[PDB]
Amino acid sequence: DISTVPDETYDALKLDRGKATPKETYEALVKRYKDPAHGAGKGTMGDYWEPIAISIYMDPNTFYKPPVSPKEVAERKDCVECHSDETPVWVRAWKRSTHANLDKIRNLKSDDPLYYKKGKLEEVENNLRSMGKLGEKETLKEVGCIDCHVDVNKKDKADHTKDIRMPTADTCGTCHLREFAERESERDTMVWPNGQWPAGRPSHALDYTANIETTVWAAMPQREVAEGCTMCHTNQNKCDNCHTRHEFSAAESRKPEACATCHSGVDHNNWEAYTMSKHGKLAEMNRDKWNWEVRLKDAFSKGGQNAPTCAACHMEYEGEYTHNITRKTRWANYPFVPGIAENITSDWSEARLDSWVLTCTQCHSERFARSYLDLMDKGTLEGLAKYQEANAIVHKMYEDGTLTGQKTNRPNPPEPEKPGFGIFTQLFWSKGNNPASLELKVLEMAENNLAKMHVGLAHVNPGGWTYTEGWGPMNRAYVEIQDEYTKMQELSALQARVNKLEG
């Protein structure tokens, strides 16, 4: 049993929590993880796109094969010796990692704040004994290159052209079944009441599935551009995006900078909003006063942390920190998604709002916590209403066919995408007057400005939803949409008088 895995995960896998062993639970997780019906593989549009060179690292279980050179066989020690000069830093980073110094975890005394790692080391060994990966009296010696890249606890030779693999999520889950089961639980915990989003999304467990199931990602010819989106959607495949290779430091993943590469940009400026907030600027001033090596449960007591981080706010749920970051999602970054705003007052959303207050009460009071969270919800609706008024203007022109070049020069999107109004495909593909300026401006007004507005509200950055981001740009988009609408109406009225003089 894993005490940090919700009931919905075992129920979806048809397993009983009490008697299920780590070997039995791991096989059930990998079965759904590698099932093409549950998001694995090239996806439903796999016949429209082909992998590139870097894709064997982005989705190893689908595209990766060992390199044809060199054609040598190696043991455990041969990995360290030859790669000490082929990838010297990869060896030096692994030597510093906890994976190479496991005896340093067994000798940890009870007074050391890092004593919790011994319990995980014994749990890792406990998971492997159930799977038959080591002797009942044998202790795990090290976590070497051959363990992750070939097979866990391998004792014989391995062929560099046949047995080398890229460690995917299931490869990490062989030892860290707890963290792998917590992440996979996002498929079962993130279920929207009215189907606003696909089941299990948005989540790190289905970010790659969402990426390949995006129509524009498979339709567009710019594979190198589309693969940039893939680089931010590799949490489902590999687990080195927060604790990077090959140090795999837990203290690194707890820092806010680990989430910055992905959760930042024009449609979700979580890094920009948090850092400019008081919470983030305090994290930059007090990162030398905090002990990042202690776990998130002990970060506020034994770590001396007084400002919240990304891992502290999102991996927390009812006082426990797990790799599931979906059990408190309410707005899902995009307020314009149908059903999101209407669901904000439901008991489903109100329960997760109460779960956030518990996170905020770690420092603030419940009165202060609910006072600002009320501002985030009402402020998000105020921005949404600003876009809805501007979208009504552009949508009226689309239905009237009065958009620029809508009936003259508006080519169809690349297959298998069907033409539409204000679709996500128009953000990464454009040809002729498809999309139009008004069509793209109102799309970005919601996709970018309204989204960054809520992010500024959710991450207490006052400028993030007022002057710089959010209400500022939304005001400009509203003004320019109103201006072009009045211009085109006057231009249409002027053109109507020319046809009158010709008739």
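Residue numbers here begin at 1 and follow the sequence given.
Just going by the entry, 101-109 versus 316-324 on mean CA temperature factor gives the higher value to 101-109. Comparing 175-183 with 395-403, the higher mean C-alpha B-factor in the PDB entry belongs to 175-183. The PDB entry assigns its highest CA temperature factor, among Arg223, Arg295, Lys117, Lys378, to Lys117.
Ranking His279, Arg76, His263, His233 by Cα temperature factor from the entry places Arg76 first. For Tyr208, the recorded CA temperature factor ranks within the middle third of the chain's modelled residues. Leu29: CA B factor in the highest third of modelled residues in this chain (values from the PDB entry).
When all modelled residues of the chain are sorted by CA temperature factor, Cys82 is found within the middle third.
Sorting the modelled residues of the chain by their CA temperature factor places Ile481 in the lowest third. Remark: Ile340 belongs to the middle third of its chain, ranked by C-alpha B-factor as recorded.
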